[PDB]
Every structure is written in structure tokens, then in C-alpha cells.
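A single chain comes next, written as C-alpha cells; it is the form deposited in one PDB entry.
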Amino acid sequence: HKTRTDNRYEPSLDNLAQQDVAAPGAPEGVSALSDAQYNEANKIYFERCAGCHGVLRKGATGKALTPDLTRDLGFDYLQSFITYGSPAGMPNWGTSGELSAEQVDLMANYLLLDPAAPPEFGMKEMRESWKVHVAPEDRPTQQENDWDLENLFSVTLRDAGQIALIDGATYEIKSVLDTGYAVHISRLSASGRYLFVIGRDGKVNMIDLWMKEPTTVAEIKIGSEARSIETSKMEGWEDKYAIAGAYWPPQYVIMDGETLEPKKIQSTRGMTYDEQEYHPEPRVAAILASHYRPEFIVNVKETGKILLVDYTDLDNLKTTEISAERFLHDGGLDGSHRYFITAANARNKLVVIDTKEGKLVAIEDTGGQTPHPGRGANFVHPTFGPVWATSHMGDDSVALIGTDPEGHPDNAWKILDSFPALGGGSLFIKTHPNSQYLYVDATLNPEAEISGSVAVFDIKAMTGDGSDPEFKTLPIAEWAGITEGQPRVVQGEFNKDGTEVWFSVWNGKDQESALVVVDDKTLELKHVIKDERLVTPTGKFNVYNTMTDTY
């Protein structure tokens, strides 16, 4: 129950927490909570508890807290356990997990009551939220602005509920657009025309980059809590579909790539792969798109299943439900784009799927604590050959896995090396084919100087002799020149040419933030992006690198 470096990246269901619930009746031996009391506790539960224990309390990373179990444990036991506080959430916006005496008692009582299941969100609800602002026929048939679309960066302005579209070469903010709250990620259609963003509240906006003044052409809500979205990337299926994944309800939705019409909703409720026990809250995590078959690649967290969803026929729906490892989160494709490599973070494993054959190929422990790759980093190691790398939230380690069964069979799907970077609390590792450098952030590190810096390894100097590769430390936050607070540096993203790498210098909503552009060839400061509209900059996605999965 204490704040660790790798247990702050758990879902915070604060959109779902805004919903009012009814106070349930209490069985013998338990006292009922009033309307206000129950809602107050429920709000606290959804905000700072449901991530680990579930909205239904059936357990996720933390054990089940269902009434049968809690009543047997008792109030006193729960009261004393809960009085210590809960693990803090994410900086600049998460909770500290600090509850008072009034709050501690409420939570213990709440746990003894029978939880109601939050509302579902089906086709009826999605279609009511579905708005097409500019029908396809009224859109341009060619690019009508003079922007360099492929070198554009789509930047989340988290707490402002906006995104910024920034010129990759001039650093000019081309436009700031209103979207869903706290957009989690931006994704691009395969042609690079359409920009899709998903907010944590389940709101999806679709933006047409060919318009003289790009704006939202369609929107829809797919759930109450959502984090992922992806576009069809199989050759021949460019711009055909988009897919969104939600934490609640546990489901994914396949939408029309031009209009966002909801075409197919699939529940992810089901059995765990290992113990084969029903789980009523299997959250959708990362969603990728196959380059080998017309399929979406969907990580289902709590049941530990990777779904290969064939979008060629939504009525006679072909899926492959791959038993993998529980706690699947994020991942990426290898350099050849054939293998999906994903972190079952809580179990410290990397699951490898062959997207061509539709089957599990390997499961390997990284030797680190809580691997968090993002999409990861593919590069050619001088000794090992093609590798994919991940850093970790729980420790300072960077792990390399061999990704070339044909050319380097002895190294394929084995952890080939593990070495330290700046410190624990890393979120994102990054490289590019044109770069000789591997960048590693340390976003969640408790030490301000570490969290405001990035480690940079010289790939060319790597020998894989077992020693610890040296790294250069770039003082990104210092380069940005921010006086107030202790801004967190997060997520490297390259430009189209792979000559410059951008980092977010993420400060609070009413504090000063920036984007820092690094010249990859020299590792020197190229440019500092500051603007009054640049509020809480987090994720940044280069159009070309996102549409092509170049990482």
C-alpha cells in the first residue's frame, strides 16, 4: 500500500468517478452508508483505488475486495490497513493516496457493502454521441493547406483538453484544437491524412489534416474510461477502420475510418488464460495494427489474452485469442513489423507474438522490475543484430531482446543484455533508424534532477560484452529554463527525418512547461518551444513516424 516507482502507472478512473451511484442496503452485521457517504466513498474508490482492485472489486494488480472477503476480514482490520494511505498516482495530476480519519472509515464501510456494476456503454449510447461535423463528401480531395503534414507533431495539451499541431522544422504552432479531456495518445491513419485522438473519458476526435484549417470532422464516445486507439495498417486497408479500447466498460470498438460510425463492439469479459477463471473487468490496454494481415492487435490486461481481430468481415468475425501472460499493457512491433513484443508489466515479462502466423512465440522475463516500453526501441546492435529495447518503471534497467529468428536464431527472443540508465521511473525509450543514439527518460523518478534529464547511449559503441554501456546525461529540463516546480521530462519522439528528437517538459497546469528539441547528431540543444497555449504538454506524435510505426 505504499507509493513505489512502478505502481503509480495504474489506471485512475476519475471520469467514471464523476458518476452518481445509489447507496445499497446493508446485510446483518454491516451498517449502511448514507447516499452522500456512499457516493463520497465511491468517488474516492474510483479515483484512487479501482486501478488496482477494479471498479467491481474483483482484483487486478491488487487482490479482490468483494464483500464476502471483506466482511470476513472485518471493519477494524480494514480500518487499520486503509489508515496507512494508498500508493500515490501520477505526478502533476494524480493523487498522493492520503486519506483522513473521516475518509478512512468511509472506505472500510464501503468495502463491506455490495458494489453495483457501473453502467454499460453500447451501440445506442455510442450512436447518440456520434457526430459527423464534415461528411466525407464535403471534405477536400487533396491537401488544401501548405503544411508539411508528414513532419507535423501532434502534441497533447493534457489538462487543457486540447492538442497542438506543431511544424517539425520551424517549430511553429500551426493550430491548437479542442478535443477530449487529457488526450492519451494521437494516432494517424495509414495515409497520414486523418488524425485520431482519444481522451481518457472515452471521447474520440477525428481530424482532417487536408483541410485549409484542420479541425474535428467527426467525434464519438466509446466508453467511460479509455486509453487506446489505432488505425488499420494492412496494405490495401489504408484509412478503412479505426479501433478504440476502453478500461470501462471492458470492450473494444471498430469504427469506420472515414466517419467514426461504430461498426462492431466486442466485450473483453472472459476467462483468465492460466487459472481459467471468469474475470468481469478485463481492461483493454495497448492496441496495435498488423502489417502482415488485416488485423488489429488488442491487449486484454487482466485475462492475459492478446486478440488478433480480423477486420475483413465484421459480421462473420474471425479472431485469434492468444493465451499470453496476465497484466499486458504496452508494446510495439519489431523492426520488420512482423512480431509484436509486449510487456506483461506486473509479471516482469515480455510476450512475443508472431503476427504472420497468429501465435505466441515466446515469453521471457526481462530481469527488471515492471517493463514499460511504450512502443519500444528497435535498433541494430553491433554484436547482437536486430534488437528491441525496453526500460523499466521499477528500476534503472534497460533490457534488449533479439528480434531476428532468421538471421540471428541463437539470439532470437532471448534477453541479450540488461544495463542501467539514469534511474527508476522510466517510461519511454526511443531511437530511429537514422540515429546512432538510444534515449531513455526517467519521468517518475523521485529525484528532480533525474526526472528532468534523459540518458543517451551510443549504439555504435555497444559491444554486448557484459559491461555497462556508458551514457551521456542531457539536462533537458535545465535546457528549457523553468524556474517553478520540478517538471518531469517525458517521451522522446523523432521528426520524420530522424535528425531531431523532442521531449516534453511537463509541469503543472498553472505552471511553466516546454518542449525541448535535441539535435540528434550532436546531442546539443536545438530549440526550446514555449507558448502560453502549451499547457501540460505530454505525448507527442510525429505524423510520419506514427503512421508508419517507425520506432
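Whichever C-alpha set is largest while still superposing within 1.5 Å between the two forms counts as the rigid core. In this text, residue numbers run from 1 along the sequence as written. Residues that one form lacks are left out of the comparison.
The protein also exists as the form deposited in another entry; that form is not presented, and the subsequent description refers to it.
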Superposing on the rigid core between this form and the one not shown, the only one of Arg71, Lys356, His133, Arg269 with a Cα displacement of 2 Å or more is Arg71
Residue shift check between this form and the one not shown, rigid core fit, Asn42 Cα at least 2 Å: yes
Is there a C-alpha shift of 2 Å or more at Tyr278 between this form and the one not shown once the rigid core is superposed? no
Core superposed first: is there a CA shift of 2 Å or greater at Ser31 between this form and the one not shown? yes
Thinking of the 3 angstroms or more shift, are the C-alphas of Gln491 and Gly97 brought closer or pushed farther apart in the other form than in this view? farther
Between the shown chain and the other structure, the Cα gap of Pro249 to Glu47 differs by 3 Å or more. Is it closer or farther in the other form? closer
After the core superposition, state the residue ranges of at least 3 consecutive residues in which each CA shifts by 2 Å or more between this form and the one not shown. 26-117
